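Visitor: Return a 3D structure for these sequence lines:
(one chain, ligands or ions: 3)
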Amino acid sequence: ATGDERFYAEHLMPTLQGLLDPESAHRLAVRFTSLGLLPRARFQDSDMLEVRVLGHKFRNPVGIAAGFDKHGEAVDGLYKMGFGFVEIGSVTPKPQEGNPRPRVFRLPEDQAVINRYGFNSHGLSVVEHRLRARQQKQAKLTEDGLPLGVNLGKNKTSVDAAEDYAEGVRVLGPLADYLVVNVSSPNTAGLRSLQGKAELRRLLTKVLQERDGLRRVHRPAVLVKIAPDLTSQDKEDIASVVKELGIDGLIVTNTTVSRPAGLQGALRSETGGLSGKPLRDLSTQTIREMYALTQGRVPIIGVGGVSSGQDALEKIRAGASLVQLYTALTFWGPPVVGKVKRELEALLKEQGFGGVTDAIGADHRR
Ligand SMILES: CC(F)(F)COc1cccc(-c2c(F)c(F)c(NC(=O)c3c(O)nn4ccccc34)c(F)c2F)c1
Ligand SMILES: Cc1cc2nc3c(=O)[nH]c(=O)nc-3n(C[C@H](O)[C@H](O)[C@H](O)COP(=O)(O)O)c2cc1C
Ligand SMILES: O=C(O)c1cc(=O)[nH]c(=O)[nH]1
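Guide: Residues are numbered from 1 along each chain as shown. Ligands and ions are numbered 1, 2, ... in the order given. You can find the structure just below:
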């Protein structure tokens, strides 16, 4: 536990949260990061943390989830933070404003956040030109094991969900190492209910067909991102379509519209998606079903309440080849990346794993 770690957690972070509403704090976090105002990442990634999945090297499995850098403004500062991969978005075809403020709320007693941004996005065009300005720098980064994922969404007013997702595949597909069809946002009318078996099958057919129309070196992988609120019927059906259509992987899982017993924050009854520790195990259990339903054959990026190596390692052993975090960064600050990696590596060694790859799905073999 470094000096940066304890300093950012016990002093810097609680002071910023004391002066700043969460949306303001988010906006500043992005600026600082875009400018590279960040502490030294004194963790040097080891060979044990290397993962080869989705036709790519990841030099560590700890990524920043979608929603932090919605518009592509701080990608390089996030690699410098120490993440092994970066996912930007959600991006919607047309620019849109999102929900009226206030739309973000802290539950500090729960290590939790509730948000209803409602897909505030600069739009495909602005993000496309943003990413084009660094497209070749990113080609090198990918080669070095730091890939880039782009998360796609649809417009509030949009009439045909699949045409929104196809536009995104066409415009930002050539710039991404993987694309994410986000059919799980709680904050858009109709979006989570983008799994009507044959509905989801039709949407994902048009996405994969669009993706295959791109030139070989600009063909990303395509993932689906699902909610932790799914019935057992829904998960069985998602598993079925994913294997039928050859979907390249699953991101598990977006925030929850549930409110687990025991939440203590005053703001717990705010409308929106809950993230952080109340999501952790509900997240880990969805990795676990999805892995089993797909016979461990569909890569999974696990996400939900990860703030430590134990949290990351439980998700990997439950099926994840990669993990993401977001909420933990808003309490710990940048040092949380090095902290999770350092702890992940130590646990891998004590539990007898040769590396991350040996531990993927390990719980399903005990
Ligand atoms: C030189 C230096 F010392 F300044 C280096 O400091 C840094 C460097 C880099 C980043 C940060 C930084 C920060 F300033 C923050 F305000 C936040 N807070 C939030 O993002 C936040 C929150 O609070 N609620 N919330 C709810 C929803 C979404 C986001 C958030 C943060 F996550 C940060 F990572 C600080
Ligand atoms: C403020 C905020 C904004 C988010 N925006 C998006 C988004 O645009 N697209 C998406 O797929 N997930 C979004 N998420 C969900 C996260 O990507 C993630 O799935 C879940 O919050 C992360 O688990 P964790 O925050 O507990 O680490 C957002 C989450 C928060 C807290
Ligand atoms: O933009 C949002 O409000 C949003 C999107 C999403 O996928 N998840 C979330 O928690 N919020």
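
Visitor: and the stretch 151-300 of the chain, which residues reach ligand 2?
Guide: Taking Cβ under 6 Å from any ligand atom as the test, the list of the stretch 151-300 of the chain residues beside ligand 2 reads 151, 182, 225, 254-255, 275-276, 279. C-beta coordinates here come from the backbone N, C-alpha and C atoms, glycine included.

Visitor: Can you add neighbour count and secondary structure and give the residues you listed back as a markdown table?
Guide: Shown next, in a markdown table, are those (neighbours: other Cβ atoms under 10 Å; DSSP: H, G, I helix; E, B strand; the rest coil):
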| residue | neighbour count | secondary structure |
| --- | --- | --- |
| 151 | 25 | strand |
| 182 | 29 | strand |
| 225 | 24 | strand |
| 254 | 28 | coil |
| 255 | 31 | coil |
| 275 | 28 | strand |
| 276 | 25 | strand |
| 279 | 28 | helix |
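
Visitor: Now do the contacts for residue 161.
Guide: Contact analysis of residue 161 by Cβ atoms under 8 Å, 6 or more residues apart in numbering lists 154, 190-191, 194, 203.

Visitor: tally of neighbours for the closest residue to residue 164 other than its chain neighbours?
Guide: Using Cβ to Cβ, 6 or more residues apart in numbering and skipping the chain neighbours, the partner closest in space to residue 164 is residue 154 (3.6 Å). The tally of other residues near residue 154 (other Cβ atoms under 10 Å) stands at 29.

Visitor: pretty sure residue 154 contacts residue 181?
Guide: No. With contacts defined as Cβ atoms under 8 Å, residue 154 does not count as touching residue 181, sitting 9.7 Å away.

Visitor: Could you report the neighbour count for the spatially closest residue to residue 292 that is not a sequence neighbour?
Guide: Take residue 292 and drop its neighbours on the chain: the residue closest to it by Cβ to Cβ, 6+ apart is residue 364, 6.6 Å away. By the other Cβ under 10 Å criterion, the neighbourhood of residue 364 contains 14 residues.

Visitor: what's stretch 188-205 in contact with?
Guide: Here stretch 188-205 makes contact (Cβ under 8 Å, 6+ apart) with 118-119, 153-154, 156, 161-162, 165, 181-186, 222, 224, 226-227, 229-230, 234, 237-238, 240-241, 244-245, 247.

Visitor: Return the subset of the residues you listed lying in strands.
Guide: Among the contacts of stretch 188-205, the ones falling in strands (DSSP state E) are 181-182, 222, 224, 226.

Visitor: Select, from those, the two members most distant in space.
Guide: Taking every pair in these and measuring Cβ to Cβ, the maximum separation is 13.7 Å, between 222 and 226.

Visitor: which ones are touching residue 244?
Guide: residue 201.

Visitor: So which residues on this structure come close to ligand 3?
Guide: If contact is defined as Cβ under 6 Å from any ligand atom, the residues of the chain in contact with ligand 3 are 90, 115-119, 182, 185, 187, 254-255, 273.
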